[PDB]
Structures are given as C-alpha cells and as structure tokens.
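Coming up is one lone chain in structure tokens, specifically the form deposited in one PDB entry.
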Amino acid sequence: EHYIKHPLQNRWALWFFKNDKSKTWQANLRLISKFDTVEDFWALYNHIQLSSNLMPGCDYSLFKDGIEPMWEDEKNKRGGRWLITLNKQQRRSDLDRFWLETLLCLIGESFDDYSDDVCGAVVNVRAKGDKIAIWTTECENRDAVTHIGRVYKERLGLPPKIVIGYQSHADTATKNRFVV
C-alpha cells in the first residue's frame, strides 16, 4: 500500500563508458548499479549527471540485467539499433529529454508485445554530434523492429517529416535495414 516499492517488469543495469585511449574499449565500459523498482530508478537518475553535462566521449547505457551493452553479447550479436542522431544544437534542446523518454520507454515496457525484443539503450555524448539508440535482439524480425521504431519515434515527438534508421550491429561492427 503506502509502503511497498513498485516493482518494474525487468531488472535494469546502468553502465558508464569513458573514452580513455590508455585502455581497450571494453575496459572503458563499467557497470554503475542496478535497480528493479520505480523508486530505485528515480533515486539513481536523480543522483547522476545529465547526459548533456558529461565530458565528450562518455556514454550511458541502460540494459536488461544479464545483457552487456556490447555487440558481442548473445542477445545483441544478431540484433541492431534504432538510431537517433542529434546535431550539436540539440545537445541543449533535446538530448536530456530524449534520453529520459528513452529510459522510460525501456522501464515502462512501452513497446507492447515486442518489449521482449528490447535489449537496452545507449546515449553517446560526442563533440561531433550526440547519439541515442534503442538496441533490439534480432535485426531480422521486421515486425518487432518496425513496431518498436514507430512507437519510439512518436514517443520522442519527432515530426513525421523526420526519418530515422535501424542498423544491424553486424553492419556497424564491420546502411539502414529499416526506416520510419
């Protein structure tokens, strides 16, 4: 009642990446903490830096517990990502609101029967332009990928004029598979 936390459908892990050239890419990836209730999500979100305030070269990742935010995870190797590319002006205007909306689409299971295809999301803070992406587990599942892309674009509020693409991790690791 007035004392039980509200369990989320999934337990989530927040990851941090800091670009450091002394280390391999994988060694720069670090798990911050995990949560599985509404209350613990907000406690964590409220304690950490907004993405717009991180140094260029850093990432946040939020993934279902047990899935690492890397292509080589069994749940990512056959998958891909719906990519949101932000210009440098949208660092100020949309980065933080887009990322929080992305976080909520994940923990709120916003993609109906296809929320099981979601692995996680990643925001890259970069000088050349930031990126936000939702990662899904199977790039050949056209129906799941397309529905997630349509729900995502509308939850972000992007105008029907704007087009976003989905790329497979196989292609990234070595073009768009889908567009909405």
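Take the two forms, find the largest set of C-alpha atoms that superpose within 1.5 Å, and that set is the rigid core. The first residue of the sequence shown is number 1, and the count goes up from there. Residues that one form lacks are left out of the comparison.
One more form of this protein exists, namely the form deposited with a partner chain bound; it is left out here, but the text below deals with it.
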property: Stretch in contact in the deposited bound form with the partner chain, which is absent here, among 66 to 74, 139 to 147, 36 to 44, 119 to 127 (heavy atoms within 4.5 Å); result: 36 to 44
property: is_contact(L8, the partner chain) in the deposited bound form, heavy atom dist at most 4.5 Å; result: yes
property: 4.5 Å heavy atom contact, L86 to the partner chain in the deposited bound form; result: no
property: 4.5 Å heavy atom contact, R155 and the partner chain in the deposited bound form; result: yes
property: The partner chain contact in the deposited bound form: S115, any heavy atom under 4.5 Å; result: yes
property: Regions shifting between the shown form and the other one, defined as 3+ consecutive residues whose CA atoms all move 2 Å or more relative to the core; result: 1 to 3
